[PDB]
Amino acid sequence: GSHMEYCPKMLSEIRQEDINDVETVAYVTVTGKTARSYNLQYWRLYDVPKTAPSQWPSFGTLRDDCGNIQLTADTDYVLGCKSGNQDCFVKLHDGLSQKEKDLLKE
C-alpha cells in the first residue's frame, strides 16, 4: 500500500527538534533511483541525536510514496530518518550553515 511514513520532506533548516525526533542522521549521496526508491551511498552517520552505531551499511534506499521531494542524481544530502528510513527529513549538504554544522557536530 502507501504510507505517510514514506513521504520524506525537504527541510530549509535543520534544527534540534528535527534531530531529536529521528534515529539516525546521515551524510549520503543519491546514486540513482529504482521504481519508487532512491539509491543511497552512505558516507557518515553523525553522532546525533545519539552516538552513531559502530557498524552501518555503505548502501541503502529511500522510499517515497508522495513525491514531496525531487532529489537529484549524484547529489549530496543530510538525511535524518526514523528506523526503516521512514519519517525522514532531507537537506542539501552543500546548503548547510555553520549553525547546522554545529548541531550535527560536523
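From 1 onward, residues are counted along the sequence shown.
A summary of the deposited B-factors shows that, of 70-78 and 51-59, the stretch with the larger mean C-alpha value is 51-59. Taking the PDB entry as given, 94-102 carries the higher mean Cα B factor of the two stretches 94-102 and 20-28.
In the PDB entry, a CA B factor belonging to the highest third of its chain's modelled residues is recorded for residue 12. Among all modelled residues in this chain, the alpha-carbon of residue 34 has a temperature factor (C-alpha) in the highest third.
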